[PDB]
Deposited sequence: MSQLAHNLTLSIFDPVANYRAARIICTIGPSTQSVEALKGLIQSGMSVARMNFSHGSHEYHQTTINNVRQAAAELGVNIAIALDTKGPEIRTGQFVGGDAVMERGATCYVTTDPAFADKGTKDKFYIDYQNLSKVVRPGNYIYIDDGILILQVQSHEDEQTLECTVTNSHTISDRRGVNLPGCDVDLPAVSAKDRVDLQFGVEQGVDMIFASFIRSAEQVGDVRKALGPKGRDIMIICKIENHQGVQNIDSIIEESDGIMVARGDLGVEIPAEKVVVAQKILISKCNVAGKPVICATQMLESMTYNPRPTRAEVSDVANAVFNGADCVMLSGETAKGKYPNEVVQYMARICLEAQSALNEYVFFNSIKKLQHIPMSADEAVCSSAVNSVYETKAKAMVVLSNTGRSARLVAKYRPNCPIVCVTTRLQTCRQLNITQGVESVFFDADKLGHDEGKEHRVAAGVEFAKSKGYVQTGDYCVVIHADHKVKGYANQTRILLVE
């Protein structure tokens, strides 16, 4: 019950853990779409395949869906498939000649008038967010092109047009994206494109949605609506990208099935040092709520084209694990990168190294101390189950969970041993790929039996733990099953 105290007992020469808890999400692109590249990516350490719907067509992502499924079947594994929406955007219009040279100290005008959409100049151009005039006060800032161009609003010239000062010299081109830092953007949760994309994901049976630009709890339910009745079991992981998402994180977590800390997106509007703190907050909040949380963007970026990443990047990845992250994400590194297998292998190695220094008992003790008394049964059973692991120095857990609820609930309390989930659902096997320290074994109930006495499923989990070398004769194994409200401290034969 102290990371500091745990640090004192550590030695960087002692062998690393016999299991890696943290999970790796790789983005699939030109470098990784083929079956063999995926087979290499899985073997490297991929648990979840991310599809970026900012780019590519339905036919393109269809082959991704196909290839992942074939590479999963050929290696005898279950791989989660994630759909990352493009999301709603605020962009500039077009320009005459393509460019707009913005000199420092110059005055320019931004308008929501659609007549200027096709004919923008350096003096006056279009921004497609109709509510820009009522959202932005004078004194506020407009960021254009990944926050490189910074304009300051001086005054409302009319109903649609704002007078601005160019604060720094930078050239912009056609349809560059804009940000309104410190302004409340009221764009709909899902774009017209999203609605079409989300329906494709449901029709193809995606395991989860990484929902872009989530700003309030109301929006989480809008994505739910957009998924329809046939996708009620698809997880919604909400991407926090601006101050709104940070400000409303409590109610958003409550509605979401999980959170993605998108540091790159956040760092456009918020200073980088505050985003680092926002990361700490968001991860800890998710750990308390039992929901999966992903540390995403700018993870090991230099390795996209270099054989090895910078020392600071490695540090960043380890501290993601130290923060308490369920998952670490890779974007361009696996999508457009030169070292797809290599970047995943090293990230896996960094997670494992951090995990070997991490003190899980701190997580267990903190989360348990925060729980309101009286606890509900499911909460009591899972926390006690993890307590028993520490109490008896058990070497594995077996959780029987159909939906994944109690598997996640157990994982929350952070035992210092592998969790084996035995489940009657393949969707569950896949969706648990974003929860740390859990590995799933599928039990075909319609083939093998209803297993009402639970004997077979428990036996299946114990065998898996024996096969991976977690337990042996004489070891204790904490079994928790049916929610799930029952616990045994089993002696492994």
- Task: Give the ranges of the deposited sequence, numbered from 1, for which the structure holds no C-alpha coordinates, in sequence order.
- Result: 483-488
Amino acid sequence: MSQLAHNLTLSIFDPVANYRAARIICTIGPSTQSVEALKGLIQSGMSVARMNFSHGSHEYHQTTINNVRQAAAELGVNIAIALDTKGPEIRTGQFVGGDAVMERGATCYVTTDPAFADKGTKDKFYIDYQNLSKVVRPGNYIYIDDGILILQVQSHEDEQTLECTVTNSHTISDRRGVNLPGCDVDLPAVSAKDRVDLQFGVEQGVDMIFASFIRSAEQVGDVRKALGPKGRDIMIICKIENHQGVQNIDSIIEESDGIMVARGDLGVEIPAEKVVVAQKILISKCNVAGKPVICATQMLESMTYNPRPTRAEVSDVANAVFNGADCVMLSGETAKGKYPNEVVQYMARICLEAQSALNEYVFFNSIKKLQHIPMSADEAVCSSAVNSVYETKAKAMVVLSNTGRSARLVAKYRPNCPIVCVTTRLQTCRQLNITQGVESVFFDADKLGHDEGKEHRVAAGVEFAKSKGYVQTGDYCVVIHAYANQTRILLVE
From here on, numbers count along this sequence of modelled residues.
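Between two forms, the rigid core is defined as the largest C-alpha subset superposing within 1.5 Å.
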- Please work out whether 464-472 or 445-453 has the higher root mean square C-alpha deviation in 7 other deposited structures of this protein relative to the shown form, with the rigid core as fitting region? 445-453
- Message: Can you check whether 129-137 or 347-355 lies farther from the displayed model in 7 other deposited structures of this protein, averaging C-alpha distances as RMS after superposing on the core?
- Response: 129-137
- Message: At a threshold of one third of the other compared entries, does residue 483 come out as unmodelled?
- Response: yes
- Higher-scoring stretch by recorded Cα B factor average, 401-409 or 301-309: 301-309
- Got a sec? Mean C-alpha B-factor, which is higher, 467-475 or 14-22? 467-475
- Message: Looking at the C-alpha B-factor values in the deposited entry, which of 116, 210, 213, 322 comes out highest?
- Response: 116
- Looking at 292, 93, 418, 245, which has the highest Cα B-factor in the entry? 93
- Item | Chain-wide C-alpha B factor ranking for residue 346, given as lowest, middle or highest third | middle
- residue 156 CA temperature factor, ranked by third within the chain: highest
- Item | Third assignment of residue 437 from its chain's C-alpha B-factors | lowest
- Query: What third of the chain, by the recorded C-alpha B-factor, contains residue 1?
  - Reply: middle
- Message: What third of the chain does residue 274 rank in for C-alpha temperature factor, lowest, middle or highest?
- Response: lowest
